[PDB]
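These notes concern the structure reproduced below.
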Amino acid sequence: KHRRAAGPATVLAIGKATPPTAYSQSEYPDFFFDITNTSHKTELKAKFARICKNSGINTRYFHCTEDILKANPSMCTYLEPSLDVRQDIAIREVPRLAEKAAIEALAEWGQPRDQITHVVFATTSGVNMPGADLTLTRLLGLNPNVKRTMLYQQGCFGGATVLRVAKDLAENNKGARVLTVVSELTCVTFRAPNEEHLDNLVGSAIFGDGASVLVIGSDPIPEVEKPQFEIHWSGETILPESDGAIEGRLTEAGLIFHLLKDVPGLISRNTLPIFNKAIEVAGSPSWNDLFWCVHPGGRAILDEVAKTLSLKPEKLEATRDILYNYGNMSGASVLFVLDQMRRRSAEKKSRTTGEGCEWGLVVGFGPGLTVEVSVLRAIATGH
Amino acid sequence: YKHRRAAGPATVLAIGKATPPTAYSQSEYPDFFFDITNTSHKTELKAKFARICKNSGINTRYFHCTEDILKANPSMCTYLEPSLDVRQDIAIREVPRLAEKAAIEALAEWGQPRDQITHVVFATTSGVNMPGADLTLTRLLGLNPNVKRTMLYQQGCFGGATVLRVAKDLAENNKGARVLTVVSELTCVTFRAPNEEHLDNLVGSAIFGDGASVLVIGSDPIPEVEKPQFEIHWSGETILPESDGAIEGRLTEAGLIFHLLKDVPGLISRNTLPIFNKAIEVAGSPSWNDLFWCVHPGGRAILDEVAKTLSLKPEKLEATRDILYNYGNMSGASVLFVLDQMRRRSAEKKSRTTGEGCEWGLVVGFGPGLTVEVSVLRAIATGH
């Protein structure tokens, strides 16, 4: 009577959404220091400007516009009490941004909403009871019986996480269709620049708002449903020597990231084992024969990953595309990358959804120094 | 395909529990509580709290935040003063530590090497941190750094039922997988001075206590070496009709506050029959009194309403009330304590199954969104 699915969990649709208001990175330091009332801190502003100009970012999207920010002035200070107003905005907007991306994902998938059986929802911005997962269930009018997995305060590796979570949901339940969600806003982290914490200058320069939604299921219906990628393996690891490397603390002033180690370095030195464990399911191809969906944590980390593995510059283009066009959207970013990977393959008429490569890796990293990896099989395009 | 599934139903192989050391007798609590919060002059308020305590079905609760902790963090002893940061500091450190104690007991009952744990599921409602309590627990126990972790923050009173659902698919879809299934709760995020303006906090203050429980769940248990306690055959949940905003839990600069806006005891056992009837289909739809029952001990009244609605024998909800009596409402952990108490009562009485003689049973959690969570369990023959 309990029946399992037959095949691997398959990505059947990918939808995305951002807040409407776009911010050009070149104009951002001006905007930022003006609205936070810190433009008199000349040498701080020259540091942010150089971080911005080297971020590999062209455009970011923010729900919290100048009107929203001036209506909540505590968010425009450095560390004055502000949690309550950041919470009010995030609890309301995080599931609504998800709804928009979901609408698109549900449309591409093309099946009735009542065949969605599970919901997985990850976010790093705000926490509430009931969760964003339940609210999203109401907004979309999903079946009241959906089995929900709500992942609060998940972190930048959250996009890889929901793939791992959805994998087992899809594979262990015949006919299960999983609405797989990551929705991130910067309203819990946004704050005035300050000398006492120069690592916030990076976060302020790279983080933007975004959400992505997938439909994942095993045993896709031929002709009716359209496979994009198959998840063949998910795993994670806690990196060696990485205790306290990134701390994320939710305080009365909102969410603050405290760093105490070499993270760009730590990541490039220690991902070789889990990477090697992962690709084994793929018959261990070489690094340049894999397609790559890496969390665009920063242009520098990407640069380090490429040098460590001697990647051809073409390998991380889909990843850099997202970084360029959207910035670092925390957990959602790598799911945007996955969308971009299939789109690039459509534009170029590649032989697979992995721009011609047969296998690829989805890679997230974040607190604890957690590295999350899924191994994906690309789907033949017919071109 | 090449990925290897397990063959049989997810099975509970061990159940451990832990509480803070300091016990608080319910009969003495209003004196303690109104003194420590400096509200002992609010005579009729204290009289109202006292009557709730004496009727709560609760004898003892455990708290990590003792007098010393509370007087060293005085903001927590007010009503709505800024206090989140110090509640966070306490919860972030103690929640994974309390879980470790319950884990040590579950791991010893299970008796297998720690490196054979493949997954960790961790739920809590008290405090949030990056990295999560799941990672910290992993380090403390010295688990494999490659454990597949599912961290469920801000989960709510149905969190105990949730982790069963979450571990079920992990265990069943992965051959040899062993799931360390954890719920850990402290009340330090909710504790605050009683006040007239919010009388519903007077209830939480009378019933919420501290606790953690930890299970080992796996499919395909090894004969003789591992000892099955219960099989999970079906997990599901539903959002109750017209139950929008019945219980809101808000995390603020003053910590965690709940806001009720409906009759939840009534709403709950009035709307539970559809998921209940669908649930028991897997068990061959036995009658309610032929099922064993592990219900989240939300309050003595909700338990009473469940018994009247379904016309249960007084004996049915005894394991549940045992937990409410000895431990209070420990939010998500409570129903896992109950699950443990059920196999214990069955051992003590020499029952034929780990369900006090019943073949099938229900684990029931309920909470915010007005979510009802249900797993259907098969008990195991004891050999008695």
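Just remember, in the structure tokens the first chain shown is A, the second B, etc., residues are 1-based per chain, and ligands are 1-based in the order shown.
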Legend entry - Within 8 Å of chain A: residues of chain B, using only C-alpha atoms, as a ChimeraX atom specification: /B:1,3,84-85,88,128-132,135,145-148,150-156,166,169-170,172-173,233-234,236-240,247-253,282,368-369
Per residue of stretch 158-216 of chain A within 9 Å of stretch 291-306 of chain A, which atom pair is closest and at what distance in Å (one decimal), using only C-alpha atoms, listed by chain and increasing number, as CSV?
```
residue,atom,partner,partner_atom,distance
A:159,CA,A:295,CA,8.2
A:160,CA,A:295,CA,8.6
A:206,CA,A:298,CA,7.4
```
Write down as a PDB file with N, CA and C atoms, in the first residue's frame the residues belonging to stretch 39-267 of chain A that are assigned strand (DSSP E or B) by DSSP computed on the backbone.
```
ATOM      1  N   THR A  59      23.796  44.353 -11.480  1.00  0.00           N
ATOM      2  CA  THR A  59      22.451  44.708 -11.030  1.00  0.00           C
ATOM      3  C   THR A  59      22.007  43.810  -9.879  1.00  0.00           C
ATOM      4  N   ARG A  60      21.336  44.412  -8.892  1.00  0.00           N
ATOM      5  CA  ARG A  60      20.629  43.700  -7.817  1.00  0.00           C
ATOM      6  C   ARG A  60      19.190  44.227  -7.675  1.00  0.00           C
ATOM      7  N   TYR A  61      18.319  43.427  -7.065  1.00  0.00           N
ATOM      8  CA  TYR A  61      16.939  43.846  -6.856  1.00  0.00           C
ATOM      9  C   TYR A  61      16.629  43.905  -5.354  1.00  0.00           C
ATOM     10  N   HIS A 118       3.945  17.838  -2.029  1.00  0.00           N
ATOM     11  CA  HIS A 118       4.911  18.305  -1.013  1.00  0.00           C
ATOM     12  C   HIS A 118       5.370  19.717  -1.265  1.00  0.00           C
ATOM     13  N   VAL A 119       5.759  20.398  -0.193  1.00  0.00           N
ATOM     14  CA  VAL A 119       6.360  21.724  -0.300  1.00  0.00           C
ATOM     15  C   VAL A 119       7.599  21.764   0.550  1.00  0.00           C
ATOM     16  N   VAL A 120       8.700  22.206  -0.044  1.00  0.00           N
ATOM     17  CA  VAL A 120       9.932  22.436   0.713  1.00  0.00           C
ATOM     18  C   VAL A 120      10.268  23.924   0.628  1.00  0.00           C
ATOM     19  N   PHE A 121      10.454  24.618   1.745  1.00  0.00           N
ATOM     20  CA  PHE A 121      10.629  26.059   1.592  1.00  0.00           C
ATOM     21  C   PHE A 121      11.832  26.416   2.456  1.00  0.00           C
ATOM     22  N   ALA A 122      12.835  27.073   1.870  1.00  0.00           N
ATOM     23  CA  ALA A 122      13.992  27.549   2.634  1.00  0.00           C
ATOM     24  C   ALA A 122      14.049  29.068   2.524  1.00  0.00           C
ATOM     25  N   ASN A 128       8.691  33.002  11.483  1.00  0.00           N
ATOM     26  CA  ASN A 128       7.333  33.195  11.932  1.00  0.00           C
ATOM     27  C   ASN A 128       6.647  31.866  12.169  1.00  0.00           C
ATOM     28  N   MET A 129       5.601  31.901  12.977  1.00  0.00           N
ATOM     29  CA  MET A 129       4.752  30.744  13.206  1.00  0.00           C
ATOM     30  C   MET A 129       3.308  31.192  13.011  1.00  0.00           C
ATOM     31  N   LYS A 147       2.513  17.864   2.296  1.00  0.00           N
ATOM     32  CA  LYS A 147       3.462  17.546   3.338  1.00  0.00           C
ATOM     33  C   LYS A 147       4.596  18.570   3.283  1.00  0.00           C
ATOM     34  N   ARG A 148       4.699  19.394   4.322  1.00  0.00           N
ATOM     35  CA  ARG A 148       5.563  20.561   4.251  1.00  0.00           C
ATOM     36  C   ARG A 148       6.852  20.387   5.043  1.00  0.00           C
ATOM     37  N   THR A 149       7.960  20.804   4.441  1.00  0.00           N
ATOM     38  CA  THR A 149       9.233  20.872   5.137  1.00  0.00           C
ATOM     39  C   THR A 149       9.717  22.311   5.151  1.00  0.00           C
ATOM     40  N   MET A 150       9.701  22.947   6.322  1.00  0.00           N
ATOM     41  CA  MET A 150      10.045  24.366   6.437  1.00  0.00           C
ATOM     42  C   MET A 150      11.474  24.568   7.009  1.00  0.00           C
ATOM     43  N   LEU A 151      12.354  25.192   6.225  1.00  0.00           N
ATOM     44  CA  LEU A 151      13.773  25.329   6.593  1.00  0.00           C
ATOM     45  C   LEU A 151      14.155  26.789   6.816  1.00  0.00           C
ATOM     46  N   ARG A 177       4.935  15.006  -6.198  1.00  0.00           N
ATOM     47  CA  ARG A 177       5.421  16.162  -6.923  1.00  0.00           C
ATOM     48  C   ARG A 177       5.733  17.244  -5.902  1.00  0.00           C
ATOM     49  N   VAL A 178       6.986  17.680  -5.883  1.00  0.00           N
ATOM     50  CA  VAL A 178       7.477  18.540  -4.829  1.00  0.00           C
ATOM     51  C   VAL A 178       7.693  19.982  -5.270  1.00  0.00           C
ATOM     52  N   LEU A 179       6.958  20.894  -4.656  1.00  0.00           N
ATOM     53  CA  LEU A 179       7.168  22.315  -4.901  1.00  0.00           C
ATOM     54  C   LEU A 179       8.359  22.744  -4.048  1.00  0.00           C
ATOM     55  N   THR A 180       9.461  23.096  -4.698  1.00  0.00           N
ATOM     56  CA  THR A 180      10.729  23.261  -3.991  1.00  0.00           C
ATOM     57  C   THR A 180      11.147  24.728  -4.065  1.00  0.00           C
ATOM     58  N   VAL A 181      11.166  25.394  -2.911  1.00  0.00           N
ATOM     59  CA  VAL A 181      11.169  26.862  -2.807  1.00  0.00           C
ATOM     60  C   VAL A 181      12.364  27.431  -2.007  1.00  0.00           C
ATOM     61  N   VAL A 182      13.024  28.470  -2.540  1.00  0.00           N
ATOM     62  CA  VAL A 182      13.925  29.307  -1.751  1.00  0.00           C
ATOM     63  C   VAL A 182      13.617  30.768  -2.008  1.00  0.00           C
ATOM     64  N   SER A 183      13.389  31.521  -0.950  1.00  0.00           N
ATOM     65  CA  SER A 183      12.986  32.904  -1.102  1.00  0.00           C
ATOM     66  C   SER A 183      13.765  33.764  -0.118  1.00  0.00           C
ATOM     67  N   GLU A 184      14.517  34.732  -0.634  1.00  0.00           N
ATOM     68  CA  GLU A 184      15.427  35.508   0.205  1.00  0.00           C
ATOM     69  C   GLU A 184      15.249  36.987  -0.014  1.00  0.00           C
ATOM     70  N   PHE A 207      24.790  41.195  -1.556  1.00  0.00           N
ATOM     71  CA  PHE A 207      23.497  40.579  -1.281  1.00  0.00           C
ATOM     72  C   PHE A 207      22.366  41.336  -1.958  1.00  0.00           C
ATOM     73  N   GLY A 210      15.777  37.875  -4.056  1.00  0.00           N
ATOM     74  CA  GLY A 210      15.362  36.957  -5.106  1.00  0.00           C
ATOM     75  C   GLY A 210      14.687  35.710  -4.560  1.00  0.00           C
ATOM     76  N   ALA A 211      13.977  35.001  -5.431  1.00  0.00           N
ATOM     77  CA  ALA A 211      13.375  33.710  -5.106  1.00  0.00           C
ATOM     78  C   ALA A 211      13.314  32.775  -6.308  1.00  0.00           C
ATOM     79  N   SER A 212      13.430  31.477  -6.046  1.00  0.00           N
ATOM     80  CA  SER A 212      13.313  30.483  -7.111  1.00  0.00           C
ATOM     81  C   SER A 212      12.484  29.279  -6.661  1.00  0.00           C
ATOM     82  N   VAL A 213      11.758  28.684  -7.607  1.00  0.00           N
ATOM     83  CA  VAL A 213      10.870  27.575  -7.284  1.00  0.00           C
ATOM     84  C   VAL A 213      10.999  26.504  -8.346  1.00  0.00           C
ATOM     85  N   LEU A 214      11.144  25.255  -7.915  1.00  0.00           N
ATOM     86  CA  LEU A 214      11.253  24.131  -8.843  1.00  0.00           C
ATOM     87  C   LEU A 214      10.062  23.206  -8.626  1.00  0.00           C
ATOM     88  N   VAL A 215       9.741  22.369  -9.606  1.00  0.00           N
ATOM     89  CA  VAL A 215       8.848  21.232  -9.395  1.00  0.00           C
ATOM     90  C   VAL A 215       9.708  19.993  -9.536  1.00  0.00           C
ATOM     91  N   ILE A 216       9.791  19.170  -8.494  1.00  0.00           N
ATOM     92  CA  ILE A 216      10.657  17.992  -8.556  1.00  0.00           C
ATOM     93  C   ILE A 216       9.808  16.747  -8.392  1.00  0.00           C
ATOM     94  N   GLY A 217      10.103  15.725  -9.188  1.00  0.00           N
ATOM     95  CA  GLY A 217       9.388  14.475  -9.089  1.00  0.00           C
ATOM     96  C   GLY A 217      10.138  13.351  -9.756  1.00  0.00           C
ATOM     97  N   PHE A 229      16.718  18.131 -15.375  1.00  0.00           N
ATOM     98  CA  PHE A 229      17.922  17.563 -14.744  1.00  0.00           C
ATOM     99  C   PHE A 229      17.514  16.409 -13.837  1.00  0.00           C
ATOM    100  N   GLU A 230      18.361  15.397 -13.695  1.00  0.00           N
ATOM    101  CA  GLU A 230      18.082  14.349 -12.715  1.00  0.00           C
ATOM    102  C   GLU A 230      19.048  14.425 -11.536  1.00  0.00           C
ATOM    103  N   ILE A 231      18.503  14.352 -10.329  1.00  0.00           N
ATOM    104  CA  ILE A 231      19.329  14.371  -9.128  1.00  0.00           C
ATOM    105  C   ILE A 231      19.716  12.928  -8.791  1.00  0.00           C
ATOM    106  N   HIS A 232      21.000  12.613  -8.899  1.00  0.00           N
ATOM    107  CA  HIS A 232      21.430  11.232  -8.706  1.00  0.00           C
ATOM    108  C   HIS A 232      22.119  10.995  -7.366  1.00  0.00           C
ATOM    109  N   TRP A 233      22.501  12.070  -6.689  1.00  0.00           N
ATOM    110  CA  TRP A 233      23.222  11.968  -5.445  1.00  0.00           C
ATOM    111  C   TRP A 233      23.243  13.318  -4.751  1.00  0.00           C
ATOM    112  N   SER A 234      22.937  13.311  -3.463  1.00  0.00           N
ATOM    113  CA  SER A 234      23.105  14.500  -2.644  1.00  0.00           C
ATOM    114  C   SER A 234      23.871  14.170  -1.375  1.00  0.00           C
ATOM    115  N   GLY A 235      24.794  15.042  -0.995  1.00  0.00           N
ATOM    116  CA  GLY A 235      25.569  14.825   0.206  1.00  0.00           C
ATOM    117  C   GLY A 235      26.088  16.150   0.689  1.00  0.00           C
ATOM    118  N   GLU A 236      26.680  16.156   1.871  1.00  0.00           N
ATOM    119  CA  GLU A 236      27.272  17.371   2.416  1.00  0.00           C
ATOM    120  C   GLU A 236      28.437  17.005   3.297  1.00  0.00           C
ATOM    121  N   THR A 237      29.193  18.013   3.687  1.00  0.00           N
ATOM    122  CA  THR A 237      30.271  17.789   4.614  1.00  0.00           C
ATOM    123  C   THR A 237      30.544  19.048   5.413  1.00  0.00           C
ATOM    124  N   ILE A 238      31.074  18.838   6.607  1.00  0.00           N
ATOM    125  CA  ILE A 238      31.544  19.925   7.432  1.00  0.00           C
ATOM    126  C   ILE A 238      33.024  19.983   7.169  1.00  0.00           C
ATOM    127  N   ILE A 246      32.235  31.155   9.920  1.00  0.00           N
ATOM    128  CA  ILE A 246      31.119  32.090   9.684  1.00  0.00           C
ATOM    129  C   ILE A 246      30.026  31.935  10.740  1.00  0.00           C
ATOM    130  N   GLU A 247      29.774  32.993  11.495  1.00  0.00           N
ATOM    131  CA  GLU A 247      28.688  32.957  12.455  1.00  0.00           C
ATOM    132  C   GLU A 247      27.574  33.876  11.936  1.00  0.00           C
ATOM    133  N   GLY A 248      26.326  33.416  12.030  1.00  0.00           N
ATOM    134  CA  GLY A 248      25.190  34.242  11.656  1.00  0.00           C
ATOM    135  C   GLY A 248      24.261  34.391  12.841  1.00  0.00           C
ATOM    136  N   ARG A 249      24.213  35.607  13.369  1.00  0.00           N
ATOM    137  CA  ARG A 249      23.525  35.890  14.622  1.00  0.00           C
ATOM    138  C   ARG A 249      22.309  36.787  14.467  1.00  0.00           C
ATOM    139  N   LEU A 250      21.151  36.303  14.910  1.00  0.00           N
ATOM    140  CA  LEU A 250      19.944  37.108  14.847  1.00  0.00           C
ATOM    141  C   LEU A 250      19.768  37.825  16.170  1.00  0.00           C
ATOM    142  N   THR A 251      19.893  39.142  16.126  1.00  0.00           N
ATOM    143  CA  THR A 251      19.836  39.956  17.323  1.00  0.00           C
ATOM    144  C   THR A 251      18.762  41.020  17.171  1.00  0.00           C
ATOM    145  N   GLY A 254      18.784  42.829  14.096  1.00  0.00           N
ATOM    146  CA  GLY A 254      18.679  42.038  12.883  1.00  0.00           C
ATOM    147  C   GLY A 254      19.733  40.949  12.726  1.00  0.00           C
ATOM    148  N   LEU A 255      20.044  40.601  11.484  1.00  0.00           N
ATOM    149  CA  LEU A 255      20.950  39.500  11.247  1.00  0.00           C
ATOM    150  C   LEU A 255      22.342  40.027  10.905  1.00  0.00           C
ATOM    151  N   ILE A 256      23.337  39.586  11.673  1.00  0.00           N
ATOM    152  CA  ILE A 256      24.712  40.006  11.454  1.00  0.00           C
ATOM    153  C   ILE A 256      25.633  38.812  11.230  1.00  0.00           C
ATOM    154  N   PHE A 257      26.446  38.914  10.191  1.00  0.00           N
ATOM    155  CA  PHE A 257      27.396  37.876   9.872  1.00  0.00           C
ATOM    156  C   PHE A 257      28.789  38.184  10.425  1.00  0.00           C
ATOM    157  N   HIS A 258      29.296  37.280  11.259  1.00  0.00           N
ATOM    158  CA  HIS A 258      30.611  37.442  11.876  1.00  0.00           C
ATOM    159  C   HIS A 258      31.593  36.417  11.329  1.00  0.00           C
ATOM    160  N   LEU A 259      32.639  36.889  10.658  1.00  0.00           N
ATOM    161  CA  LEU A 259      33.633  35.987  10.083  1.00  0.00           C
ATOM    162  C   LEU A 259      34.917  35.984  10.924  1.00  0.00           C
TER     163      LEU A 259
END
```
Legend entry - Near-residue A:321 list (10 Å; only C-alpha atoms; drop same-chain fewer than 4 positions) as an MDAnalysis selection string: chainID A and resid 56:58 296 316:317 325:327 336:337 340:341
Inset, instruction - For residue B:207, list every protein, DNA or RNA residue within 8 Å, evaluated using only C-alpha atoms, and leave out those in the same chain fewer than 5 positions away; present the list as a PyMOL selection string. - result: chain B and resi 53+56+58+299+328-329
Legend entry - Option closest in space to residue B:220, from B:371, B:171, B:377, B:99 [counting only C-alpha atoms]: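 Nearest candidate to residue B:220 out of B:371, B:171, B:377, B:99: B:171.
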Inset, instruction - Would you mind telling me which residue in B:163, B:102, B:264, B:257 lies nearest to residue B:366 when using only C-alpha atoms? - result: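 Looking at the shortest contact to residue B:366, the residue is B:264.
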Legend entry - Nearest to residue B:5 by atom-to-atom distance, counting only C-alpha atoms, from B:218, B:204, B:160, B:211: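 Of all the options, B:218 lies closest to residue B:5.
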Legend entry - Long-range neighbours of residue B:374 as number ranges by chain, 12 Å cut-off, only C-alpha atoms, 6 positions minimum in chain: A: 145, 147; B: 158-165, 232-239, 272-280, 293-296, 335, 361-367
Selection to disk with N, CA, C and O atoms, as a compact mmCIF listing (two decimals), in the first residue's frame:
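Done, and the output landed in selection-v3.txt:
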```
# COMPACT_ATOMS: atom_id res chain seq x y z
N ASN A 145 -3.53 19.18 2.25
CA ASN A 145 -2.84 17.98 2.69
C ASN A 145 -1.35 17.93 2.33
O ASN A 145 -0.71 16.90 2.54
N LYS A 147 2.51 17.86 2.30
CA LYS A 147 3.46 17.55 3.34
C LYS A 147 4.60 18.57 3.28
O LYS A 147 5.35 18.64 2.31
N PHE B 158 3.91 20.97 17.02
CA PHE B 158 3.80 19.71 16.26
C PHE B 158 5.17 19.17 15.80
O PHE B 158 5.25 18.18 15.08
N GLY B 159 6.25 19.79 16.25
CA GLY B 159 7.60 19.39 15.84
C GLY B 159 8.00 17.94 16.09
O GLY B 159 8.79 17.37 15.35
N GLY B 160 7.47 17.34 17.15
CA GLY B 160 7.72 15.94 17.42
C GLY B 160 7.13 15.05 16.36
O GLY B 160 7.78 14.09 15.94
N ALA B 161 5.91 15.34 15.93
CA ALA B 161 5.30 14.61 14.82
C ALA B 161 6.04 14.86 13.50
O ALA B 161 6.21 13.96 12.68
N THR B 162 6.46 16.10 13.29
CA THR B 162 7.19 16.45 12.09
C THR B 162 8.45 15.59 11.88
O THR B 162 8.66 15.05 10.78
N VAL B 163 9.30 15.47 12.90
CA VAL B 163 10.58 14.77 12.75
C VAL B 163 10.35 13.31 12.42
O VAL B 163 11.13 12.73 11.69
N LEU B 164 9.25 12.73 12.89
CA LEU B 164 8.90 11.36 12.46
C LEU B 164 8.64 11.33 10.96
O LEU B 164 9.16 10.48 10.22
N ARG B 165 7.84 12.28 10.49
CA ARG B 165 7.56 12.38 9.06
C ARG B 165 8.85 12.60 8.28
O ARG B 165 9.15 11.85 7.35
N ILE B 232 6.84 3.14 11.50
CA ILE B 232 6.08 4.25 10.96
C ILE B 232 5.52 3.85 9.59
O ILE B 232 6.28 3.57 8.68
N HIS B 233 4.20 3.76 9.45
CA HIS B 233 3.66 3.26 8.19
C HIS B 233 3.08 4.31 7.28
O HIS B 233 2.93 4.08 6.09
N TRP B 234 2.81 5.48 7.84
CA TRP B 234 2.16 6.56 7.12
C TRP B 234 2.33 7.85 7.91
O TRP B 234 2.13 7.87 9.12
N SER B 235 2.73 8.92 7.23
CA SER B 235 2.76 10.24 7.84
C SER B 235 2.02 11.26 6.98
O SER B 235 2.19 11.28 5.76
N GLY B 236 1.24 12.12 7.60
CA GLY B 236 0.54 13.13 6.84
C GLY B 236 0.16 14.29 7.71
O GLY B 236 0.28 14.20 8.93
N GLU B 237 -0.31 15.37 7.09
CA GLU B 237 -0.74 16.53 7.84
C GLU B 237 -1.83 17.27 7.08
O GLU B 237 -2.01 17.06 5.88
N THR B 238 -2.50 18.18 7.76
CA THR B 238 -3.50 18.98 7.10
C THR B 238 -3.61 20.35 7.77
O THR B 238 -3.20 20.55 8.92
N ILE B 239 -4.09 21.32 7.01
CA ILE B 239 -4.38 22.64 7.53
C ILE B 239 -5.88 22.70 7.81
O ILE B 239 -6.68 22.45 6.94
N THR B 272 -10.59 17.20 13.44
CA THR B 272 -9.55 16.18 13.31
C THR B 272 -10.03 14.89 12.64
O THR B 272 -9.22 14.03 12.29
N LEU B 273 -11.34 14.73 12.45
CA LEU B 273 -11.81 13.44 11.94
C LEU B 273 -11.42 13.10 10.51
O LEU B 273 -11.12 11.95 10.24
N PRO B 274 -11.41 14.08 9.59
CA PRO B 274 -10.96 13.67 8.24
C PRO B 274 -9.52 13.12 8.19
O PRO B 274 -9.33 12.05 7.60
N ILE B 275 -8.52 13.82 8.74
CA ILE B 275 -7.16 13.29 8.64
C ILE B 275 -7.05 11.99 9.45
O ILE B 275 -6.37 11.07 9.02
N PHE B 276 -7.75 11.91 10.59
CA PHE B 276 -7.81 10.69 11.38
C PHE B 276 -8.39 9.49 10.62
O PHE B 276 -7.83 8.38 10.66
N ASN B 277 -9.52 9.67 9.94
CA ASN B 277 -10.09 8.55 9.21
C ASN B 277 -9.19 8.13 8.04
O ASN B 277 -9.08 6.94 7.73
N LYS B 278 -8.56 9.09 7.38
CA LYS B 278 -7.69 8.76 6.26
C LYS B 278 -6.43 8.03 6.78
O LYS B 278 -5.94 7.09 6.18
N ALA B 279 -5.93 8.48 7.92
CA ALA B 279 -4.77 7.88 8.57
C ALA B 279 -4.98 6.39 8.88
O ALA B 279 -4.13 5.54 8.58
N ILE B 280 -6.09 6.06 9.51
CA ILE B 280 -6.30 4.69 9.97
C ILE B 280 -6.59 3.71 8.84
O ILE B 280 -6.61 2.50 9.07
N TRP B 293 -2.46 5.58 21.56
CA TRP B 293 -2.52 7.01 21.29
C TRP B 293 -1.33 7.74 21.89
O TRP B 293 -1.07 7.65 23.08
N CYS B 294 -0.57 8.43 21.04
CA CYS B 294 0.47 9.35 21.51
C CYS B 294 0.09 10.71 21.01
O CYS B 294 0.24 11.01 19.82
N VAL B 295 -0.50 11.50 21.88
CA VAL B 295 -1.02 12.78 21.46
C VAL B 295 -0.15 13.83 22.12
O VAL B 295 0.31 13.64 23.26
N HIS B 296 0.13 14.90 21.39
CA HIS B 296 0.87 16.01 21.96
C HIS B 296 0.06 16.54 23.16
O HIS B 296 -1.08 16.96 22.97
N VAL B 335 5.53 14.79 22.64
CA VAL B 335 4.96 13.57 22.08
C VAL B 335 6.03 12.43 21.92
O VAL B 335 5.71 11.24 21.91
N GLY B 361 -1.41 2.36 16.13
CA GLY B 361 -1.58 3.58 16.88
C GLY B 361 -1.30 4.83 16.09
O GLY B 361 -0.75 4.77 15.00
N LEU B 362 -1.62 5.96 16.68
CA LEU B 362 -1.45 7.25 16.05
C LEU B 362 -0.55 8.15 16.88
O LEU B 362 -0.75 8.27 18.09
N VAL B 363 0.42 8.79 16.23
CA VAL B 363 1.14 9.91 16.83
C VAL B 363 0.50 11.20 16.31
O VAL B 363 0.33 11.38 15.11
N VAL B 364 0.13 12.11 17.20
CA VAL B 364 -0.60 13.29 16.78
C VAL B 364 0.05 14.55 17.34
O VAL B 364 0.19 14.70 18.55
N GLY B 365 0.45 15.44 16.44
CA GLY B 365 0.95 16.75 16.84
C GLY B 365 0.00 17.77 16.25
O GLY B 365 -0.65 17.48 15.24
N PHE B 366 -0.10 18.94 16.88
CA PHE B 366 -0.93 20.02 16.37
C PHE B 366 -0.30 21.35 16.76
O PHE B 366 0.43 21.42 17.74
N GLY B 367 -0.55 22.41 15.99
CA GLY B 367 0.07 23.70 16.28
C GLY B 367 -0.33 24.75 15.25
O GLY B 367 -1.32 24.57 14.55
```
Legend entry - Counting only C-alpha atoms, the option among A:64, A:71, A:14, A:224 closest to residue A:103: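 Closest to residue A:103, using only C-alpha atoms: A:14.
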